[PDB]
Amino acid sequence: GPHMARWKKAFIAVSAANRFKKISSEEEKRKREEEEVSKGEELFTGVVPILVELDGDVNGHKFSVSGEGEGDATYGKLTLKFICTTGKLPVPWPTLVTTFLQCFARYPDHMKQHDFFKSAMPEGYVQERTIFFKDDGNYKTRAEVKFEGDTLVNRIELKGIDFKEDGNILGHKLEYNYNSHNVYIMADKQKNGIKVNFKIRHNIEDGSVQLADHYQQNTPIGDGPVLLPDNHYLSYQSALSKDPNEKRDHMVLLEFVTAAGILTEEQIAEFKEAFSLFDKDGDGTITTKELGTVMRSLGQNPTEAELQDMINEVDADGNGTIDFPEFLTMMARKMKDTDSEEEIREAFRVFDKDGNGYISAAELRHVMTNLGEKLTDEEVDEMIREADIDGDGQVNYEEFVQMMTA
């Protein structure tokens, strides 16, 4: 009847007290994450030296490539030189361009919250691809991109299979050039990373085009937080050239890369019932003294500075006290340390004064009195008798859970 209203008012007040106790740590965690996802981009404000190492095996042709150069994310510019250290490449240099550093993309200011790549640094990320050459074979690559000292290093393994002996790749029919492409990026929340896809068009000497379908996943190497982007794309342009002083099989690569492409009315009255237990003098604001009274009435004993720390997190407008909108906000906040259960379990422990697993009538009477929820002895007995299913005259946790989620 009127009895779950009395349980609910007490439960919300206790929950609000538990949220006051927890709010400073929640806010620290949130600010710490924002600070941590923002540090990686600071590593890219100037020119960054780059090393690249690849070991490859295409149709049983094994080879290795070494690259060096530098990247400048302020301009979205990469300049690299690659040398085949095992002789001549068994595949055309242009088929390896995508495999040979997306942390150097220029992200415009209003998009900087969508730059996964830099946010993963310096610990770095793994980049995995399958590249399907239409009517031909496929590459599978795995790359670790990370800082080693002040140098950004890209270490790559590549495996190619099913290529045709006389196709465009093993027959070396690709022109030594490159076209512009858009690289489409979306968040992969399950893996704390991104999923990427694009199609490369390689010019063939006879005027046709060889398509190369790219599928890509990037996952952070470290355990820290990363930026998970909204859907967007990177605009890529690439130019291939040769070093006229260079005898070994090699490629000079220039890339330019820029990102683009981006309650209940009764609940309010319930909350107001809980708010009045804090606002002892009914003036509509909770002071540190009132909050301290509530905390002590619930078995805590915070210092004046702890109380101030608590009010400071919730005092959104800064007048030094807490009003109902500010109280409302705190209760609407979704916490990163709760399921449905944990709020209920924390509240049950306040009611169960001695922590023996059962709320007795004497305990309920005592906490109600301490909170100032004005109830007679008979009304407390009614609340117990209503929640009590097994008839022991006390409320265990399971009985409490049933009542609160009813």
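Each residue number is its position in the shown sequence, starting from 1.
Asker: How many residues sit between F100 and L101 in the deposited sequence but have no coordinates: none, 1 to 3, 4 to 9, or 10 or more?
Answerer: Gap size class: 1 to 3 residues without coordinates, per the record.
Asker: Between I262 and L263, determine how many residues of the deposited chain lack coordinates; answer none if the chain runs continuously, otherwise 1 to 3, 4 to 9, or 10 or more.
Answerer: Gap size class: 10 or more residues without coordinates, per the record.
Asker: Could you check which stretch, 275 to 283 or 196 to 204, carries the larger mean CA temperature factor in the entry?
Answerer: Stretch with the greater average CA B-factor: 275 to 283.
Asker: Which is higher in the entry, the mean Cα B factor of 86 to 94 or that of 210 to 218?
Answerer: The stretch with the larger average C-alpha B-factor is 86 to 94.
Asker: Given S66, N59, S360, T338, identify the residue with the highest C-alpha B factor in the PDB entry.
Answerer: Reading the PDB entry, the winner on C-alpha B-factor is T338.
Asker: Highest Cα temperature factor in the entry, among the options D55, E346, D352, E70: which one is it?
Answerer: Largest recorded C-alpha B-factor: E346.
Asker: By its CA B factor, does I384 count among the lowest, middle or highest third of the modelled residues in the chain?
Answerer: According to the entry, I384 has a C-alpha B-factor in the chain's middle third.
Asker: Would you mind checking where the Cα B-factor of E255 ranks among the modelled residues of its chain, as the lowest, middle or highest third?
Answerer: Tercile = lowest for this residue's CA B-factor.
Asker: So where's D230 on the chain's Cα temperature factor ranking, which third?
Answerer: As the PDB entry reports it, the C-alpha B-factor of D230 lands in the lowest third of its chain.
Asker: So where's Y397 on the chain's Cα temperature factor ranking, which third?
Answerer: According to the entry, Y397 has a C-alpha B-factor in the chain's lowest third.
Asker: Among the chain's modelled residues, which third holds the C-alpha B-factor of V153?
Answerer: As the PDB entry reports it, the C-alpha B-factor of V153 lands in the middle third of its chain.
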